[PDB]
Every structure is written in structure tokens, then in C-alpha cells.
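For reference, start-v3.tsv (TSV, C-alpha atoms):
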```tsv
chain	number	residue	atom	x	y	z
A	113	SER	CA	97.30	100.99	112.50
A	114	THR	CA	94.52	99.04	114.21
A	115	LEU	CA	92.10	101.73	113.00
A	116	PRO	CA	89.27	100.02	111.07
A	117	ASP	CA	88.37	100.93	107.51
A	118	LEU	CA	86.02	103.89	107.20
A	119	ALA	CA	83.38	101.54	105.79
A	120	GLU	CA	83.53	99.49	109.01
A	121	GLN	CA	83.48	102.42	111.47
A	122	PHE	CA	79.91	103.52	110.67
A	123	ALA	CA	77.09	103.20	108.15
A	124	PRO	CA	74.15	105.34	107.04
A	125	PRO	CA	72.06	106.92	108.47
A	126	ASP	CA	75.05	107.98	110.59
A	127	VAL	CA	76.94	110.77	108.84
A	128	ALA	CA	80.56	110.18	109.93
A	129	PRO	CA	82.67	107.87	112.11
A	130	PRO	CA	81.72	108.39	115.77
A	131	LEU	CA	85.35	108.83	116.79
A	132	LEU	CA	85.90	111.49	114.12
A	133	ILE	CA	82.78	113.31	115.34
A	134	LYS	CA	84.16	113.36	118.90
A	135	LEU	CA	87.49	114.74	117.68
A	136	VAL	CA	85.97	117.40	115.43
A	137	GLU	CA	83.41	118.58	117.98
A	138	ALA	CA	86.00	118.72	120.77
A	139	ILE	CA	88.44	120.62	118.55
A	140	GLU	CA	85.76	123.09	117.43
A	141	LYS	CA	84.66	123.67	121.03
A	142	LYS	CA	88.19	124.36	122.29
A	143	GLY	CA	90.16	125.59	119.28
A	144	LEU	CA	87.85	127.29	116.79
A	145	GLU	CA	89.67	130.60	117.32
A	146	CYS	CA	93.16	129.23	117.95
A	147	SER	CA	95.59	131.01	115.60
A	148	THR	CA	97.97	128.03	115.50
A	149	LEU	CA	95.46	125.17	115.32
A	150	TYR	CA	96.83	122.44	113.03
A	151	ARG	CA	100.06	124.41	112.47
A	152	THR	CA	101.96	123.40	115.65
A	153	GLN	CA	102.96	119.89	116.75
A	154	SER	CA	102.18	118.83	120.32
A	155	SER	CA	104.55	116.91	122.61
A	156	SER	CA	102.80	113.55	122.15
A	157	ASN	CA	104.29	110.95	119.81
A	158	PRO	CA	102.32	108.76	117.38
A	159	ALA	CA	102.09	105.90	119.90
A	160	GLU	CA	100.54	108.18	122.53
A	161	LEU	CA	98.11	109.69	120.01
A	162	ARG	CA	96.97	106.22	118.94
A	163	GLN	CA	96.39	105.26	122.58
A	164	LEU	CA	93.97	108.20	122.67
A	165	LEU	CA	92.09	106.89	119.61
A	166	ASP	CA	91.10	103.78	121.67
A	167	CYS	CA	90.34	104.73	125.30
A	172	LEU	CA	86.91	109.36	128.22
A	173	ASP	CA	85.55	112.69	127.01
A	174	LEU	CA	87.96	114.15	124.47
A	175	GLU	CA	87.29	117.67	125.76
A	176	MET	CA	89.57	116.70	128.66
A	177	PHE	CA	92.62	116.71	126.38
A	178	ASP	CA	94.86	119.58	125.35
A	179	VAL	CA	93.51	121.05	122.11
A	180	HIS	CA	96.92	120.70	120.46
A	181	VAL	CA	96.89	116.99	121.33
A	182	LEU	CA	93.42	116.66	119.81
A	183	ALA	CA	94.62	118.45	116.67
A	184	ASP	CA	97.54	116.02	116.37
A	185	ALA	CA	95.26	113.03	117.05
A	186	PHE	CA	93.00	114.35	114.28
A	187	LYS	CA	95.93	114.21	111.86
A	188	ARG	CA	96.98	110.83	113.27
A	189	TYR	CA	93.47	109.51	112.60
A	190	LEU	CA	93.56	110.50	108.93
A	191	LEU	CA	97.02	108.94	108.55
A	192	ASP	CA	96.12	105.63	110.23
A	193	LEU	CA	93.00	104.90	108.18
A	194	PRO	CA	93.75	101.68	106.23
A	195	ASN	CA	92.62	103.53	103.09
A	196	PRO	CA	92.67	107.35	102.90
A	197	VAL	CA	89.50	109.43	102.91
A	198	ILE	CA	89.99	109.85	99.15
A	199	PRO	CA	90.81	106.31	97.97
A	200	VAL	CA	93.87	105.78	95.79
A	201	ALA	CA	91.60	104.66	92.95
A	202	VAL	CA	90.08	108.15	92.84
A	203	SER	CA	93.37	110.05	93.20
A	204	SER	CA	95.05	107.88	90.56
A	205	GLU	CA	92.43	108.88	87.98
A	206	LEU	CA	92.43	112.56	88.96
A	207	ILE	CA	96.22	112.79	88.66
A	208	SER	CA	96.13	111.12	85.22
A	209	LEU	CA	93.95	113.89	83.73
A	210	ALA	CA	95.46	115.74	80.78
A	211	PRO	CA	96.16	119.49	80.70
A	212	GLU	CA	93.26	120.08	78.30
A	213	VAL	CA	91.06	119.59	81.38
A	214	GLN	CA	91.86	123.08	82.67
A	215	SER	CA	88.56	123.29	84.56
A	216	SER	CA	88.37	122.99	88.34
A	217	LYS	CA	84.66	122.35	87.77
A	218	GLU	CA	85.59	119.27	85.72
A	219	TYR	CA	88.02	117.99	88.37
A	220	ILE	CA	85.28	118.38	91.00
A	221	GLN	CA	82.73	116.64	88.78
A	222	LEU	CA	85.11	113.72	88.32
A	223	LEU	CA	86.05	113.41	91.99
A	224	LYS	CA	82.37	113.24	92.96
A	225	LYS	CA	81.56	110.76	90.19
A	226	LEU	CA	84.51	108.54	91.09
A	227	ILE	CA	84.15	108.71	94.88
A	228	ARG	CA	80.40	108.08	94.70
A	229	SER	CA	81.18	104.98	92.62
A	230	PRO	CA	79.37	101.81	93.78
A	231	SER	CA	82.82	100.18	93.98
A	232	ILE	CA	83.64	102.61	96.82
A	233	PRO	CA	81.57	102.51	100.04
A	234	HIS	CA	79.45	105.62	100.57
A	235	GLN	CA	81.22	106.15	103.92
A	236	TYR	CA	84.26	107.62	102.15
A	237	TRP	CA	82.32	110.44	100.47
A	238	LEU	CA	80.33	110.97	103.68
A	239	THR	CA	83.53	111.29	105.72
A	240	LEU	CA	84.97	113.78	103.23
A	241	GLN	CA	81.79	115.87	103.41
A	242	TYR	CA	81.99	115.92	107.21
A	243	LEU	CA	85.63	117.03	107.06
A	244	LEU	CA	84.83	119.72	104.49
A	245	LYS	CA	82.13	121.04	106.82
A	246	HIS	CA	84.71	121.22	109.62
A	247	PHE	CA	87.24	123.01	107.41
A	248	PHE	CA	84.55	125.45	106.25
A	249	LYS	CA	83.51	126.27	109.82
A	250	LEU	CA	87.16	127.00	110.61
A	251	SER	CA	87.53	129.29	107.59
A	252	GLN	CA	84.52	131.35	108.74
A	253	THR	CA	86.49	132.41	111.85
A	254	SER	CA	89.62	133.14	109.81
A	255	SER	CA	89.86	136.66	111.23
A	256	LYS	CA	90.93	134.98	114.49
A	257	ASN	CA	92.43	131.59	113.58
A	258	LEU	CA	94.09	132.83	110.33
A	259	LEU	CA	92.82	129.77	108.38
A	260	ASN	CA	91.46	130.29	104.88
A	261	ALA	CA	90.23	127.51	102.58
A	262	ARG	CA	93.45	127.39	100.54
A	263	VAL	CA	95.75	126.94	103.54
A	264	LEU	CA	93.44	124.25	104.93
A	265	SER	CA	93.63	122.48	101.57
A	266	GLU	CA	97.44	122.68	101.55
A	267	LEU	CA	97.61	121.44	105.15
A	268	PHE	CA	95.18	118.53	104.83
A	269	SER	CA	95.16	117.46	101.16
A	270	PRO	CA	98.31	115.33	101.74
A	271	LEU	CA	96.36	113.58	104.52
A	272	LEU	CA	93.12	113.20	102.55
A	273	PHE	CA	94.78	111.89	99.37
A	274	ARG	CA	97.88	110.21	100.84
A	275	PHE	CA	99.59	110.37	97.44
A	276	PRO	CA	103.35	110.87	96.87
A	277	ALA	CA	102.64	112.54	93.49
A	278	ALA	CA	105.71	114.50	92.44
A	279	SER	CA	103.94	117.90	92.40
A	280	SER	CA	102.79	119.30	89.06
A	281	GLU	CA	99.92	121.08	87.34
A	282	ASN	CA	97.89	118.03	88.39
A	283	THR	CA	98.65	118.32	92.11
A	284	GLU	CA	97.83	122.03	92.05
A	285	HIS	CA	94.42	121.03	90.69
A	286	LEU	CA	93.76	118.57	93.53
A	287	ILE	CA	94.75	121.11	96.18
A	288	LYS	CA	92.64	123.63	94.26
A	289	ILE	CA	89.46	121.53	94.22
A	290	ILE	CA	89.76	120.78	97.94
A	291	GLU	CA	90.16	124.54	98.41
A	292	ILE	CA	87.03	125.13	96.34
A	293	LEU	CA	85.05	122.38	98.08
A	294	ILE	CA	85.90	123.84	101.50
A	295	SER	CA	84.80	127.35	100.53
A	296	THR	CA	81.56	126.18	98.89
A	297	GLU	CA	79.94	124.25	101.75
A	298	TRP	CA	77.09	126.71	102.42
B	113	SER	CA	67.69	98.61	92.06
B	114	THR	CA	68.47	101.23	94.71
B	115	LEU	CA	69.62	98.53	97.16
B	116	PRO	CA	72.73	99.81	99.00
B	117	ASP	CA	75.99	97.93	99.29
B	118	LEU	CA	76.19	95.47	102.17
B	119	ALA	CA	78.85	97.71	103.73
B	120	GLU	CA	76.41	100.65	103.59
B	121	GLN	CA	73.43	98.81	105.13
B	122	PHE	CA	75.06	98.28	108.54
B	123	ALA	CA	78.38	98.38	110.37
B	124	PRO	CA	79.82	96.71	113.47
B	125	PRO	CA	78.74	96.11	116.18
B	126	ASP	CA	75.59	95.16	114.24
B	127	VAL	CA	75.90	91.62	112.90
B	128	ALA	CA	73.84	91.75	109.67
B	129	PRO	CA	71.79	94.17	107.55
B	130	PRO	CA	68.57	95.10	109.39
B	131	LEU	CA	66.42	94.36	106.33
B	132	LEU	CA	67.96	90.90	105.96
B	133	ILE	CA	67.25	90.22	109.65
B	134	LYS	CA	63.59	91.14	109.16
B	135	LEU	CA	63.31	88.86	106.11
B	136	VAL	CA	65.09	85.93	107.76
B	137	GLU	CA	63.14	86.14	111.02
B	138	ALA	CA	59.79	86.45	109.24
B	139	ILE	CA	60.59	83.54	106.91
B	140	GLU	CA	61.73	81.30	109.77
B	141	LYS	CA	58.57	82.11	111.75
B	142	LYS	CA	56.19	81.34	108.87
B	143	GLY	CA	57.94	78.83	106.61
B	144	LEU	CA	60.31	76.70	108.68
B	145	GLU	CA	58.25	73.60	107.82
B	146	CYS	CA	57.07	74.53	104.32
B	147	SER	CA	57.96	71.73	101.90
B	148	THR	CA	58.41	74.18	99.01
B	149	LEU	CA	60.13	77.14	100.70
B	150	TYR	CA	62.57	78.84	98.28
B	151	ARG	CA	61.65	76.49	95.40
B	152	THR	CA	58.41	78.11	94.27
B	153	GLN	CA	58.08	81.26	92.22
B	154	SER	CA	55.46	83.54	93.75
B	155	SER	CA	53.14	85.68	91.61
B	156	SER	CA	55.13	88.90	92.24
B	157	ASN	CA	57.57	90.31	89.70
B	158	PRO	CA	60.92	91.93	90.55
B	159	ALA	CA	59.40	95.42	90.63
B	160	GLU	CA	56.82	94.38	93.24
B	161	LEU	CA	59.44	92.54	95.30
B	162	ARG	CA	61.72	95.59	95.22
B	163	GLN	CA	58.75	97.70	96.32
B	164	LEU	CA	58.80	95.48	99.41
B	165	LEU	CA	62.58	95.73	99.91
B	166	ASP	CA	62.30	99.56	99.67
B	167	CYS	CA	59.76	99.88	102.49
B	172	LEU	CA	55.39	97.39	107.38
B	173	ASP	CA	55.69	94.18	109.40
B	174	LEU	CA	56.96	91.49	107.03
B	175	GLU	CA	54.96	88.78	108.81
B	176	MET	CA	51.89	90.23	107.06
B	177	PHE	CA	53.16	88.96	103.70
B	178	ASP	CA	52.69	85.58	102.07
B	179	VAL	CA	55.65	83.40	103.02
B	180	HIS	CA	56.33	82.59	99.36
B	181	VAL	CA	56.52	86.32	98.63
B	182	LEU	CA	59.02	86.74	101.47
B	183	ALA	CA	61.11	83.88	100.05
B	184	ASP	CA	61.16	85.59	96.65
B	185	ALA	CA	62.09	88.94	98.21
B	186	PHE	CA	64.94	87.16	100.00
B	187	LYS	CA	66.24	85.95	96.64
B	188	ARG	CA	65.58	89.35	95.06
B	189	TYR	CA	67.64	90.95	97.84
B	190	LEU	CA	70.66	88.73	97.17
B	191	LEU	CA	70.37	89.43	93.43
B	192	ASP	CA	70.03	93.20	93.79
B	193	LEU	CA	73.03	93.74	96.07
B	194	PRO	CA	75.46	95.94	94.09
B	195	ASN	CA	78.17	93.41	94.97
B	196	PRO	CA	77.38	89.78	95.84
B	197	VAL	CA	77.68	88.41	99.36
B	198	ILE	CA	80.87	86.64	98.21
B	199	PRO	CA	82.81	89.28	96.21
B	200	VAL	CA	83.86	88.62	92.63
B	201	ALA	CA	87.56	88.68	93.53
B	202	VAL	CA	87.02	85.80	95.96
B	203	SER	CA	84.95	83.70	93.55
B	204	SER	CA	87.45	84.36	90.77
B	205	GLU	CA	90.34	83.06	92.88
B	206	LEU	CA	88.47	79.97	94.07
B	207	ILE	CA	87.38	79.16	90.51
B	208	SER	CA	90.86	79.55	89.02
B	209	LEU	CA	92.19	77.05	91.58
B	210	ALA	CA	89.54	74.54	90.49
B	211	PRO	CA	91.55	71.98	88.45
B	212	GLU	CA	94.68	72.14	90.61
B	213	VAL	CA	93.06	71.99	94.07
B	214	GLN	CA	90.52	69.37	95.18
B	215	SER	CA	90.51	69.43	98.98
B	216	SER	CA	87.22	70.79	100.32
B	217	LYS	CA	88.97	71.62	103.60
B	218	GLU	CA	91.50	73.75	101.72
B	219	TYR	CA	88.83	75.60	99.74
B	220	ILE	CA	86.94	76.42	102.95
B	221	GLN	CA	90.09	77.67	104.68
B	222	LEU	CA	90.80	79.80	101.61
B	223	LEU	CA	87.26	81.19	101.33
B	224	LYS	CA	87.44	82.41	104.93
B	225	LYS	CA	90.93	83.84	104.38
B	226	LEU	CA	89.93	85.67	101.20
B	227	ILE	CA	86.63	87.12	102.45
B	228	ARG	CA	88.24	88.27	105.72
B	229	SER	CA	90.76	90.29	103.65
B	230	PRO	CA	91.35	93.87	104.88
B	231	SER	CA	90.44	95.05	101.36
B	232	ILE	CA	86.89	93.69	101.83
B	233	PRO	CA	84.53	95.33	104.35
B	234	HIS	CA	83.85	93.08	107.33
B	235	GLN	CA	80.12	93.32	106.54
B	236	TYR	CA	80.45	90.75	103.74
B	237	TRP	CA	81.77	87.96	105.98
B	238	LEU	CA	79.30	88.98	108.70
B	239	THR	CA	76.40	88.74	106.24
B	240	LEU	CA	77.62	85.37	104.98
B	241	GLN	CA	77.80	84.07	108.55
B	242	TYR	CA	74.25	85.28	109.18
B	243	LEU	CA	73.03	83.58	106.00
B	244	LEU	CA	74.81	80.32	106.85
B	245	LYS	CA	73.15	80.40	110.27
B	246	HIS	CA	69.76	80.77	108.58
B	247	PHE	CA	70.48	77.98	106.09
B	248	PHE	CA	71.57	75.68	108.93
B	249	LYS	CA	68.42	76.45	110.92
B	250	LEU	CA	66.39	75.37	107.89
B	251	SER	CA	68.37	72.13	107.52
B	252	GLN	CA	67.46	71.06	111.07
B	253	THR	CA	63.84	70.63	109.90
B	254	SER	CA	64.87	69.14	106.55
B	255	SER	CA	62.60	66.13	107.09
B	256	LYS	CA	59.67	68.56	106.69
B	257	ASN	CA	60.89	71.35	104.39
B	258	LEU	CA	63.19	69.03	102.38
B	259	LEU	CA	65.97	71.65	102.53
B	260	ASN	CA	69.24	69.95	103.47
B	261	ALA	CA	72.69	71.47	103.23
B	262	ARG	CA	73.12	70.08	99.71
B	263	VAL	CA	69.82	71.43	98.37
B	264	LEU	CA	70.34	74.77	100.12
B	265	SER	CA	73.80	75.02	98.56
B	266	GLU	CA	72.49	74.34	95.05
B	267	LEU	CA	69.73	76.94	95.41
B	268	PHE	CA	71.73	79.78	96.93
B	269	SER	CA	75.37	79.38	95.85
B	270	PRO	CA	74.53	81.01	92.47
B	271	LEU	CA	73.09	83.97	94.40
B	272	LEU	CA	75.91	84.24	96.94
B	273	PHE	CA	78.64	83.90	94.29
B	274	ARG	CA	76.56	85.39	91.45
B	275	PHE	CA	77.46	82.87	88.75
B	276	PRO	CA	74.93	81.71	86.14
B	281	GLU	CA	81.50	72.76	85.83
B	282	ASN	CA	83.98	74.94	87.73
B	283	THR	CA	81.23	75.96	90.17
B	284	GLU	CA	80.80	72.43	91.56
B	285	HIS	CA	83.69	73.08	93.95
B	286	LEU	CA	82.04	76.32	95.12
B	287	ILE	CA	78.67	74.63	95.74
B	288	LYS	CA	80.49	71.99	97.78
B	289	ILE	CA	82.02	74.67	100.02
B	290	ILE	CA	78.62	76.17	100.86
B	291	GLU	CA	77.15	72.73	101.58
B	292	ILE	CA	79.93	71.93	104.06
B	293	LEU	CA	79.79	75.40	105.61
B	294	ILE	CA	76.04	75.02	106.16
B	295	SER	CA	76.48	71.58	107.72
B	296	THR	CA	79.20	72.71	110.15
B	297	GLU	CA	77.52	75.64	111.92
```
Represent the structure of the file as C-alpha cells.
Amino acid sequence: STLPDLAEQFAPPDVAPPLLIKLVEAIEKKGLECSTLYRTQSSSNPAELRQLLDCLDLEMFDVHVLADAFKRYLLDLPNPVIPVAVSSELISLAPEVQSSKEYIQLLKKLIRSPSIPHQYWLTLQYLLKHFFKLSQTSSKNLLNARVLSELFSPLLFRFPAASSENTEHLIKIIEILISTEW
Amino acid sequence: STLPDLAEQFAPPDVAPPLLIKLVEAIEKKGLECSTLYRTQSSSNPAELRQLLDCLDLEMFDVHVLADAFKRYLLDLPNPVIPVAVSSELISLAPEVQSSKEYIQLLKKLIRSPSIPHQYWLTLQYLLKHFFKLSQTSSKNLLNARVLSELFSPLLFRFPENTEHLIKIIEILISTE
């Protein structure tokens, strides 16, 4: 709620918001192999999780609390990682655009727009790297790229779209972008 | 024009773009008393000035070249220091509103909007501080708040009448730092 805009939390040459780096690195250190990471709610409520996003070393916290604070962070951003301007255009695309490659091309073109601060695309890239690292230990944490897209796309886009052939394409491109990080 | 957006050049807790700080500090060191600062075209063209804004110590350069690079910087920003939405609103209120105090209150309210990165208002504050510093030696450089407003308002707002109210806001904001 008091969480600043992504464009105010950091700037190049930094690669991601410092708070998001702390969360991701703590979660990867403690939960990379956790078979229920991001699929179980912790006991803390939103108010408690937000208190965490202000005050210590995050490794001190329960990994399930960190995972919930990670979700809380994405939800409390004034504008989502993928701005509504971008999602609005992607959803509007006709069925003749059957190509995931085209959807990806358009997301990158739109999100790299000069009207959108570079921090948004940088934050998405950092998150995709995190999701990819998780999917490379799928044999233990059970997370593949598609499930990660289905779990986190509603947090990255923050769009109540009514579910359609368009929404399947957005989930699909996030899936593809996770799997194709390196 | 590869110049990044103001919001991409720095972020809190930094108070202004690092390149703009270097320009301002060099100009104030070398040209605080120059009777023609910011009113003389130097021999350099935009390409040469951009060469300078794209990368060592700026004090090595002719002060009139630094002044031109300062202007070039404001012109090459992808979005102006005062965003188009803000200027548009202030301009459309031009016939109906007259109070300078109201315009100033509104400029601050609009530019502090959550939809606008804080860097824009921070950069404007830094620029106003520079312009005020110049006006304290106006007897020597001839740059008073009014002259500074007429020179730089078109660069801050990015407008080639209605503007007269905008220029007045910058003048007052320079004078009251």
C-alpha cells in the first residue's frame, strides 16, 4: 500500500528493487527445493507481511512467510510488474495472431516503450530468472514453468480478464519466457 | 538521442540525475558571473553536445559549451521535466484561472501525482535551486527569475499566449526558493 512505484525503488545500473532482491535471494537459499513453495499459505496476514516489507536479514524468517511476503510485494506495487497499458493491448489481440512468438514480440515492444520506465521490464526479467532457477530443480520442488506461470501471472498482470483464448496466450508466453531464460 | 528517462537516470534517495549534477556544478563553478550564460549559442552542434552527454571532468570544457549541453539535456529527455499531462492541464485552465498562487499549488499537486515518478519533481526542485543560485548574482550575470523563466520554461514544459501563465509560475518558483 505504501510500497513505492517500481520506477522509484531503483534505477539502472541496479537490476531490480533491492527489497525484491533480498526476498528472492532469501527464498532461493531456504526454499529452492521445497515441494510446497508458493503453494501453501503461511499463518501471517497481509498486515503482518507488509510490516516485514519495511523493517533485519530476511533469512531469519520462515520460508513460507517469505514466500507470502513475495506475493504480497507483487500485489502491493502501485502498478503491476506488467503495466495495465501492456496487458490491455495484449488481451485485445485478435485470434488471427495465433503465434506465441508474436505475443512475446508485442509484450517486449510495449513494455520497453519509452512511456514505461525501464524498471518494469528489468523487474520482470529478474522475476523470470527466479522462476527459471526454480524450474531447474523441479525434480524436488515440483515446479515447472507452466505451473509457475499459472501461479504468478495473475500477480504479474493484475488483470480481471474473464479467461479466454487471450488469457491462455498470456499465461503461455510467461510460461515460455520462464523456460527460455538460459 | 539515447538519453534515458529521468526516472531511469536515478532513484531515491538520490536527489537528481548524476549527469545533471555534474553539469550544474561545473556551470556554477565557471559561469556564475558570466553576463551571457545561457544566452549565447556555442560553436558545437547537437551531435557534439550529445557526444558530451554520452560520456571526463566537465570543468575542462568551455563554459558556453556546458551551458549548451545543459539545454541539450533538457531537450533530449524522452519526457520533459514537467510532463505533458501537467502542462496540458495548466494550459487548459488558462482563461478561467488567473491566480498565480493557485497555479503554483496546482503544479505541485499535479507533478507529485502517484502516476508520475518522483524523479520528475525532484529534478525540477534541483533545477529551481540552480536557477535561484544564478539569480543571487543577477547584477553580474543579468539572469533574474524573470529572464531565467523565459529562457527555460519552454525547455521544462517543452512548448514552442497561453504559456504566459506557465512562465509566470516558473518565475515565482525561482524567486521563492
Using all atoms listed in the file, find all polymer residues with an atom at most 10 Å away from the point (93.7, 135.2, 113.8); report them as an MDAnalysis selection string.
chainID A and resid 145:148 253:259
Given all atoms listed in the file as the counted atoms, nearest of A:212, A:160, A:126, A:281 to chain B
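Result for the nearest residue to chain B: A:126.
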What is the distance, in Å and to one decimal place, between atom CA of residue 121 of chain A and atom CA of residue 292 of chain A?
27.5 Å
Set the cut-off to 8 Å and count only C-alpha atoms: what are the residues of chain A that reach chain B? Output as JSON, numbers by chain.
{"A": [117, 119, 120, 121, 122, 123, 124, 230, 233, 234, 235]}
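Closest approach to residue 114 of chain B from the set B:162, B:180, B:249, B:141 is made by B:162, with distances taken over all atoms listed in the file.
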Report the distance between atom CA of residue 269 of chain A and atom CA of residue 287 of chain A in Å, rounded to one decimal place.
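It comes out at 6.2 Å.
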Write out as a list in words each polymer residue whose atoms come within 10 Å of residue 291 of chain A, counting all atoms listed in the file; drop sequence neighbours fewer than 3 positions from it.
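Once the nearby chain positions are removed, what remains is residues 244, 247, 248, 260, 261, 262, 263, 264, 265, 266, 269, 285, 286, 287, 288, 294, 295 and 296 of chain A.
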In Å to one decimal, how far is atom CA of residue 241 of chain A from atom CA of residue 180 of chain A?
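Distance between the two atoms: 23.3 Å.
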Contacts of segment 197-199 of chain A at 6 Å or less, counting only C-alpha atoms, minus same-chain residues fewer than 4 places along, as a ChimeraX atom specification?
/A:236,272-273
Considering all atoms listed in the file, state which residue in the set B:296, B:208, B:265, B:216 is at the smallest distance from residue 245 of chain B.
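Between B:296, B:208, B:265, B:216, the residue approaching residue 245 of chain B most closely is B:296.
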For each of A:279, A:214, A:153, A:252, take the minimum atom-to-atom distance to residue 188 of chain A, counting only C-alpha atoms, then give the residue where this is smallest.
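Under the stated criterion, the closest residue is A:153.
All polymer residues at most 10 Å from (82.1, 73.9, 94.9), using all atoms listed in the file, appear as residues 206, 207, 210, 214, 216, 219, 220, 265, 266, 269, 281, 282, 283, 284, 285, 286, 287, 288, 289, 290, 291 and 292 of chain B.
Shortest atom-to-atom contact with residue 241 of chain B among B:183, B:258, B:191, B:197: B:197, counting only C-alpha atoms.
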Enclose all atoms of segment 209-221 of chain B listed in the file in an axis-aligned box, grow every side by 4 Å, and hand back centre and edge lengths in Å to one decimal, as JSON.
```
{"center_x": 90.8, "center_y": 73.5, "center_z": 96.6, "size_x": 15.7, "size_y": 16.3, "size_z": 24.2}
```
What's the 9 Å shell around residue 295 of chain B, counting all atoms listed in the file, without same-chain residues fewer than 5 positions away, as a list in words?
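Counting all atoms listed in the file, the residues come to residues 244, 247, 248, 251, 260, 261, 262 and 290 of chain B.
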